[PDB]
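Engineer: these are from a larger complex, still in place; more later:
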Amino acid sequence: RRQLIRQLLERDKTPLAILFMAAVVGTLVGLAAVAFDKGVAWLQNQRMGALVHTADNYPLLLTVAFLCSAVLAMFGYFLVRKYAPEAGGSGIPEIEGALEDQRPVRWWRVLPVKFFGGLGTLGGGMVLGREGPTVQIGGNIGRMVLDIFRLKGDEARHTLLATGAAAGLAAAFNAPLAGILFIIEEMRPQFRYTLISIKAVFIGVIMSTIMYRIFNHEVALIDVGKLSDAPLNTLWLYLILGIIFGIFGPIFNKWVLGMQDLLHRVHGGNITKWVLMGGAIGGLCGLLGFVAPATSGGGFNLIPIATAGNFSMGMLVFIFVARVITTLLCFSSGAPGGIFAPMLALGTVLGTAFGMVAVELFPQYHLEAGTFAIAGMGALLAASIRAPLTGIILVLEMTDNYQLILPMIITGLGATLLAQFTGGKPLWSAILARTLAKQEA
Amino acid sequence: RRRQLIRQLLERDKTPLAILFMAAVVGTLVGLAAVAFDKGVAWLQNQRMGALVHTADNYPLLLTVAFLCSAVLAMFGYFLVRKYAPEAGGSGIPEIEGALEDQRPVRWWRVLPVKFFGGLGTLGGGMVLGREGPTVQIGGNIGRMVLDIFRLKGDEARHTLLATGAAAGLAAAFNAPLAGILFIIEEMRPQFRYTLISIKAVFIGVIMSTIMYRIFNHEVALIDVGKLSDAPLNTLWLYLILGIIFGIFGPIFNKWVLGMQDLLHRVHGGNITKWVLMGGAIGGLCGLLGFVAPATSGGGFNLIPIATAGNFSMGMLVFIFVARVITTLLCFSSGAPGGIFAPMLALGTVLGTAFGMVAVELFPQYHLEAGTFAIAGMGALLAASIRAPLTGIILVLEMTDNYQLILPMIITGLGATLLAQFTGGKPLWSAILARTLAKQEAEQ
Amino acid sequence: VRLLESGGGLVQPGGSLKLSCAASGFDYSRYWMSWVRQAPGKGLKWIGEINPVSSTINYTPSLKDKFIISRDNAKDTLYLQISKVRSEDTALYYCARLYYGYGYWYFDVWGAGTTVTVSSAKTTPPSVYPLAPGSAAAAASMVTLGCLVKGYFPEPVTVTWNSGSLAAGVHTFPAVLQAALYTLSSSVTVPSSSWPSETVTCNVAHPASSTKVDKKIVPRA
Amino acid sequence: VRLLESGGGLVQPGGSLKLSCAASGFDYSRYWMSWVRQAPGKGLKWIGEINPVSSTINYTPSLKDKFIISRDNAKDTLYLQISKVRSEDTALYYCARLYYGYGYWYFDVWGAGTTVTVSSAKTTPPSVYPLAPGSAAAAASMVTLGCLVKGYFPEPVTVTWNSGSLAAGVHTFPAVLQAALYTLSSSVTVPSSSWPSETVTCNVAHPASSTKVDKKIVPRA
Amino acid sequence: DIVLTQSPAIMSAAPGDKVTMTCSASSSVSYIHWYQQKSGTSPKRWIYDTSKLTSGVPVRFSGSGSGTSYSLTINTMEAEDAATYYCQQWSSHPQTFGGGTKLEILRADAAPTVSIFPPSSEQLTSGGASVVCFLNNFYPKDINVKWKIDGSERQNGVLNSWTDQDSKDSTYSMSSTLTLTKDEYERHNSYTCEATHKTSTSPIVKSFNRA
């Protein structure tokens, strides 16, 4: 009590030293993210360019589409397996570990590997997301400026590592809020107290968001227009949609985890069977990225299309199954690249589907399926990864239909509840827990 | 302790179904409670406006009844507090914060009926205070009550319900689900040690009270500002500048409100009769002002839309600002039951709109609309006085819905918290609690 | 906030017709629009509802294309083609803007109505005759004048005295029909210390033929 | 997107006129609007701008009431009035939608323009005359014909040949103004085997004076 | 599609009276809406979600109900309430409207105010001859008008029209029109219009002479 009075009157006094360093971490991570963004565009472009050179002779084009996705896939799977194995998969779990001080932060290795490695996998049109690379890349950028400037202290180490990962996500979706929220919801040491300074995280994000807007201004990642409203006699439908994502979320986790296990047997840990199997899957992607584009890719394309309700119901079921398959294949096979983005795509598609059914069982409610799309968009993030607050906000920042905040929240909560009560774990905490045990075991 | 971590990771996010159900209840209650409180203040403010017509001709006779009922209601409130529950004066937000660090009691059997009816008095007479104070504190006790009445055991369940209650309380105060949740995890939880507040639980409680609010207030937003223009990047600097002004001024305001509490204590010396009279004095002033110069009295929500549109002159804006700094101090400092949150949003808007006007005129090439600076400034005072920017920012975004200003909004917020830190101001709630915890000890 | 529907009148049994409802006052996307109708001295029968993005369209139980409810957000206008028209379609048509409370949906702001008349007849403009007092003019404190509107088809006409600036004191009696021609009259009562001292004019208007006649009430020759 | 502007022409000095810009293919609000004018073969000069809430209207360093920009988002139309019309106000007038990138503003999409001549001369048809080649010219490979459009005001005339279905080897020189009247000549070329075995016509239109005229170029007898 | 039926189809009641019409529905409906269609105007959202009031609707109005029956109630009905009132459900699809309850006001007596007009010269130089008679602002609604050409009774070619009940003064008004050829009307001299009503025992007769 005489102790607390001391702390209260002392609260929120983060050293100007650390605040300045955040600014540079953010600026760097911003630029880095911008650059990574451009690379993947370029490489996807070349693939579409070369694809036209062989436009006649059908099997010859299906060949070139494969072969360079294959070649780029392999190039990435290699850069990882050889020079920095700890930067495969997502890396979100690996940065989380860094905060509990239970994993290393080999930036000298990771930076160039994740960056160019992902540029490989993503660029060949694999079903992975930009955020994996950027979030991890961001933490190391924060590690680097902590080393290069020899900053001392628990605070300064945990803070820069955090603001880096924030600015990393922020720049991945032009999501300043989702970024900050991420750190304080799912990214900080979950069980003991830590000294991460939220003010520092703020600056870092602002800097990287400015960096992103400097080069991407005037074109939103997702654009859905302002959808309709949500009558109260309708909210129950969103709770129902939450429950479906809640029973499915844990299932997916099982699949992705068991899929990592199963894919390991095919190459046995062998850098050559891995890189081949990698270029295999990656080859598959760029072939599919042509013969059925909505099954391949990051997924951002079809959101606007699905939300408008332009896909048939058959097509929606197809896209769904097809993507559950490719998303598993790609992330589980340890390819460098996150699982966040493709999850958003699944949610949208699943939600839109529910929407259509909903719309014709309840014409009195005057529903527009596009809202179930939006409430479902971050629902998979809510039931698989278990950071709903962060998912909800993220969607709100990308779709800008605040008027759906209540249904979004209800579907989210509906998911996290049923994911809890059906036994699933946070896919990131699960991955980490595998890694740490696979370590002391 | 690595092994120990693998144990906790695999065990994460498992809040007992018991506590999850209780949150639902807490939220529902706090929601209703807040809805009811909301209605009461409307009714009383309306009676006052009714009586005022009944005496519409005799001018001094009217200025009289405007004063006398605000006076009578203020008094009635100041009394209910000073007599039956002294710990429910002022905001009560600092008090619920203390409850979390386990350093203050949660006397619901006392607070509930006092804060409720007391504020109903102070707010209802058109005093310059906010609904959230009463609802946030009220909500915390409703969570205490259902913890007692149901004899729930364990640190988790005690900290969680006390939290979801305060959330549901704020959520219901501005129809702001997110702001409510964010409030708990930014400024409400024990700030220095780990705690076991279940965020999923907070969620349900907020969902419930937001539904409750929407069931009775549907189709009329507290603030309605329309979609304002955009923000070019060559403009962002101006928002940083605006942040700095708030940052140098936020700490000053805190000094004022604190020193003002000290100074007003000398007038009544702690005496329940000099207090209740001084209370009815300030309250009477309010209801008189709520008629001769309405923008200097009241909560503040009415003039947001007006200022943002840019319908006030620059002179008028300066007037409203000064007048309100004076009445907001006078009302909160004098320990009347009712928060300081809402009137702060009002000052922000007015200050920002003012900056905006100057801005618009020095930079025609930027094609500015002053109404954006109003929105960036709106939660800026909460950023420099309160020091809970994340929460203020989101709160504004939920009430003004111009997400396209999220960058400027943030930059102005960060601009404020930085310059409030570097000019040495403390979080006006941690400060208030710190005075309270000392005030206990210093006399033993 | 107003809805102003148009394009009703005479149709040949079997022929079709596009009613247009122009909206103003409010953002016209954002809103579902609807059409309800009322046959003479009867009840409100719902027709259809189009949503904002022209993607959902519902109709009362009807056949293939009896009705087609389109809309064009560029013009803030709703439409309604009615096909192969039988005499059950003769009614007044309201265009009304939709909305919900707790969520069960209601007809929020209603239009003014267009009248559709299914018949073999000829659109005929009315003859307007003035009804000024006879010479036995026992001119009391107030005086009564009217004007007689006869020989038009179809309904409605609308009579206003002195461009509506003479509102109080007016009765317009419902039309009676005879050999497919409508006939109505309208009386204005005004202070005698204000007529013939001053103008009294009736403004008859028959939109089926776009005619307006303005008869001025001459103190009898 | 279409920026279409109208309303310019002949005005007597010291007079005044109202120019109309009418926007299509987009949401007319959100957007600042501008007028920029270009005085015959010369610089672009900016008149002024207006924001969608019409709450700010800026004009170039110019006389107290020389320009009145206004707008009606209801009709999707931008207006400019010029008063005390001297002759420096003779120019091509352009409305333009305003935008940016980094927030340094640019002139996004422009109209075709409308022309304003400020002059006290009188509108005046033009006389058309053939320009058949003389008795001493060799009927070579390609023959050059033409037609003279003289003594008309104001600009412009449209000249074509065989309804424009002879556009290869046409030429129309700029008009010259002398003594408050305009004059210009047009030159078609055709193969020797083409003319005069086939008819060459020149079609002149000076709409400012309702003149539609065709003058056949005959071989000189 | 839910069949809704409305309590009284037509119901009288003098201002002051507390008054209640009913909406009863074939299957089960919920949160219903009530419209007011004053005579000659368009319908107006009146009461919505069974008992919330559209803005500006005077508090004298109440709604309630549940299940298969609903009621709209006026506590002290006032004369301006004269209207046909509709109930409407959209808790199932399609939505559906009641049949209407037509509120009628009971009031004190009001004698008619008879006015007679000869053919106008305009209508004479065209072929016919309409002799109009206005009887204005009477209560109750029942009245007999009778036509006398030169004392003799006439019934051939006569046409009446009443207005609906007024909405401020609750009176009625009526018009009788006798139609003749130019020839037919010119072979007579003294035209008369006779009005018999509750408000007196002897007919109010109003008439004109050509000459």
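Structural biologist: Received it, and whenever you're ready, just let me know what you need. Numbers count the residues shown, from 1 in each chain, chains lettered A, B, ... in the order given.
Engineer: Nearest residue to the closest residue to chain D within chain E in space, please, no chain neighbours.
Structural biologist: Relative to chain D, the nearest point of chain E is residue E:42 (24.1 Å; C-beta to the nearest C-beta). Yep, even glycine has a C-beta here, placed from its N, CA and C like the rest. Distances taken as C-beta to C-beta, 6 or more residues apart in numbering or on different chains put residue C:110 closest to residue E:42, at 4.7 Å, once the chain neighbours are dropped.
Engineer: From the centroid of chain E, which residue is nearest?
Structural biologist: Nearest to the mean C-alpha position of chain E, counting by C-alpha atoms, centre = their mean, stands residue E:164 at 1.8 Å.
Engineer: isn't that one right up against residue E:38?
Structural biologist: No. Residue E:164 is beyond contact range of residue E:38, at 9.6 Å (criterion: C-beta atoms under 8 Å).
Engineer: can you give me the helices in chain E?
Structural biologist: Applying DSSP state H to chain E gives helices spanning E:121-124, E:182-186.
Engineer: want to throw those into JSON lines with distance to chain D and mean neighbour count?
Structural biologist: Converted to JSON lines, the helices of chain E look like this (distance: least, C-beta to the nearest C-beta, whole Å; neighbours: other C-beta atoms under 10 Å in any protein chain shown):
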{"stretch": "helix E:121-124", "distance to chain D": "43", "mean neighbour count": "16"}
{"stretch": "helix E:182-186", "distance to chain D": "53", "mean neighbour count": "14"}
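Engineer: Dump those helices into a markdown table; add distance to residue E:81 as well.
Structural biologist: Putting the helices of chain E into a markdown table (distance: least, C-beta to C-beta, whole Å) gives the following:
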| stretch | distance to residue E:81 |
| --- | --- |
| helix E:121-124 | 41 |
| helix E:182-186 | 44 |
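Engineer: Shouldn't residue C:49 be within a strand?
Structural biologist: Yes. The assignment for residue C:49 by DSSP: H, G, I helix; E, B strand; the rest coil puts it in a strand.
Engineer: which residue sits closest to it in space, ignoring its chain neighbours?
Structural biologist: residue C:34 (4.3 Å).
Engineer: The one you found and residue E:43, how far apart?
Structural biologist: 13 Å (C-beta to C-beta, to the nearest Å).
Engineer: which residues are in contact with both of these two?
Structural biologist: Common contact partners of residue C:34 and residue E:43 (C-beta atoms under 8 Å, 6 or more residues apart in numbering or on different chains): residue C:107.
Engineer: List the contacts of the closest residue to chain C within chain A.
Structural biologist: Residue of chain A nearest chain C, by C-beta to the nearest C-beta: residue A:231 (2.9 Å). Counting by C-beta under 8 Å, 6+ apart, residue A:231 touches A:365-366, C:100, C:102-103.
Engineer: which of these sit farthest apart?
Structural biologist: A:366 and C:102 (13.1 Å; C-beta to C-beta).
Engineer: Please say which of these two ends up with more neighbours.
Structural biologist: Taking neighbours as other C-beta atoms under 10 Å in any protein chain shown, residue A:366 and residue C:102 compare with residue A:366 leading, 23 against 17.
Engineer: Surely the more buried one and residue C:31 touch.
Structural biologist: No. Between residue A:366 and residue C:31 no contact is recorded; they are 11.0 Å apart, counting by C-beta under 8 Å.
Engineer: Which neighbours do the two have in common?
Structural biologist: Common neighbours of residue A:366 and residue C:31 (C-beta under 8 Å, 6+ apart) are residue C:98.
Engineer: dump the residue contacts of residue E:9.
Structural biologist: Contacts of residue E:9 (C-beta under 8 Å, 6+ apart): E:99-102.
Engineer: of those, list those near chain C.
Structural biologist: Checking the contacts of residue E:9 against chain C by C-beta under 8 Å from any C-beta of the partner chain, the ones in range are E:99-100.
Engineer: Give the single residue among the contacts of residue E:9 positioned nearest to chain A.
Structural biologist: residue E:99 (21.6 Å).
Engineer: slot chain F in:
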Amino acid sequence: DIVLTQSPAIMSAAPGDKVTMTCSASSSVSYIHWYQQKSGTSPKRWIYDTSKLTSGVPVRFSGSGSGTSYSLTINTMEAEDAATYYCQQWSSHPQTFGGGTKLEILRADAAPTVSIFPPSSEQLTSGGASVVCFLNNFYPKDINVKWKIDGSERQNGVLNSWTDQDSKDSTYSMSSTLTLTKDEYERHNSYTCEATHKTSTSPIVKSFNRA
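Structural biologist: Just below you will find chain F, in place on the chains above:
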């Protein structure tokens, strides 16, 4: 306010050629924009914010510079690259554009095709007489024109008229017209026309005699 002077005011360059119009500032400016204008058509936005191409602009163009001096550029100029390029700022208020720079197709020198025309009989039938000289299709644009009436030099009554560069060969043209009263023209026999042009020392003489 801010003054923008575009250095080359007129210029030519053969298709496939490095072109480089300038734009200098009276004070200091940031992020300028560029507009392409073909004759008789609305300006188009080309390059903005010192250097970003507009959606649609061919990739051979490019802006750069800073502070006081900027520049558009076409690496490998083209056929359809002929037009005027107007710089513009709005870094300070109010905005201002530049003088303009006309891009013109350079080409292979061409000697004029001269034609001479005797006043129409219709013109004379009104007291005027206009003798027309067409000087078609020549590069460069430079040319001199001389009239000789009965072997004698005439100066007054002459009006010249160049076209802008033809979009078909990037030639030019000119028309000289000599206007006389009918009497005046009748009192002479031999009107000639003289084209002095870069592509010879001997000027092209074209003339007719009234006999």
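Engineer: With chain F now part of the structure, what is the answer for the contacts of residue E:9?
Structural biologist: The neighbours of residue E:9, taking C-beta under 8 Å, 6+ apart as the test, are E:99-102.
Engineer: and the end-to-end length of stretch E:185-202?
Structural biologist: End-to-end distance for stretch E:185-202, by C-alpha to C-alpha, to the nearest Å: 27 Å.
Engineer: right, is that stretch up against chain C?
Structural biologist: No. Applying C-beta under 8 Å from any C-beta, one finds stretch E:185-202 separated from chain C by no less than 9.3 Å.
Engineer: Distance from that stretch to the middle of the chain?
Structural biologist: Chain-centre distance of stretch E:185-202: 24 Å, with C-alpha atoms, centre = their mean, to the nearest Å.
Engineer: Next: stretch C:166-175.
Structural biologist: Worked out by C-alpha atoms, centre = their mean, stretch C:166-175 lies 16 Å from the chain centre.
Engineer: Pull out the buried residues from that stretch.
Structural biologist: If you call a residue buried by 16 or more other C-beta atoms under 10 Å in any protein chain shown, then stretch C:166-175 has these buried ones: C:166, C:170-173, C:175.
Engineer: That stretch: end-to-end distance?
Structural biologist: 21 Å.
Engineer: And chain E, is that stretch touching that?
Structural biologist: Yes. Judged by C-beta under 8 Å from any C-beta, stretch C:166-175 and chain E are in contact via C:171-175.
Engineer: thinking again about what came up before, most neighbours out of the contacts of residue E:9, which is it?
Structural biologist: Within those, most neighbours by other C-beta under 10 Å means residue E:101, with 23 neighbours.
Engineer: who's in contact with that residue?
Structural biologist: Applying C-beta under 8 Å, 6+ apart to residue E:101 gives the contacts E:6-11, E:21-22, E:84-85.
Engineer: That one and residue E:171: what is the separation?
Structural biologist: Using C-beta to C-beta, residue E:101 is found at 22 Å from residue E:171.
Engineer: Isn't residue C:19 up against residue C:7?
Structural biologist: Yes. Proximity of residue C:19 to residue C:7 meets the contact threshold set by C-beta under 8 Å, at 4.7 Å.
Engineer: Give me the common contacts of these two.
Structural biologist: Common contact partners of residue C:19 and residue C:7 (C-beta under 8 Å, 6+ apart): residue C:114.
Engineer: What backbone torsions are found at the closest residue to residue A:401 other than its chain neighbours?
Structural biologist: Excluding the flanking residues, the one nearest residue A:401 by C-beta to C-beta, 6+ apart is residue A:227, at 5.1 Å. Reported as degrees, to the nearest 10, the phi and psi values for residue A:227 are phi -70, psi 180.
Engineer: got a list of what residue A:227 touches?
Structural biologist: A:307, A:368, A:370-371, A:374, A:401, A:403-404.
Engineer: for residue A:138, same thing?
Structural biologist: Per C-beta under 8 Å, 6+ apart, neighbours of residue A:138: A:25, A:29, A:32-33, A:164-169, A:171, A:208.
Engineer: which bits of chain E sit near chain A?
Structural biologist: E:90-93, E:95.
Engineer: Got the phi and psi for residue A:262?
Structural biologist: For residue A:262, the backbone dihedrals (degrees, to the nearest 10) come out as phi -60, psi -40.
Engineer: if I look at residue A:81, how far off is chain F?
Structural biologist: Using C-beta to the nearest C-beta, to the nearest Å, we find residue A:81 at a distance of 39 Å from chain F.
Engineer: Repeat that for residue E:193.
Structural biologist: Relative to chain F, and taking C-beta to the nearest C-beta, residue E:193 is found at 75 Å.
Engineer: Check residue E:84 too.
Structural biologist: When C-beta to the nearest C-beta is applied, the distance between residue E:84 and chain F equals 59 Å.
Engineer: just residue A:272 next, same as before
Structural biologist: Distance from residue A:272 to chain F, counting by C-beta to the nearest C-beta: 42 Å.
Engineer: tally of neighbours for that residue?
Structural biologist: For residue A:272, the neighbour count with other C-beta under 10 Å is 10.
Engineer: Outline the domain layout of chain E.
Structural biologist: Using curated CATH domains, the domain parsing of chain E gives E:1-107, E:108-210.
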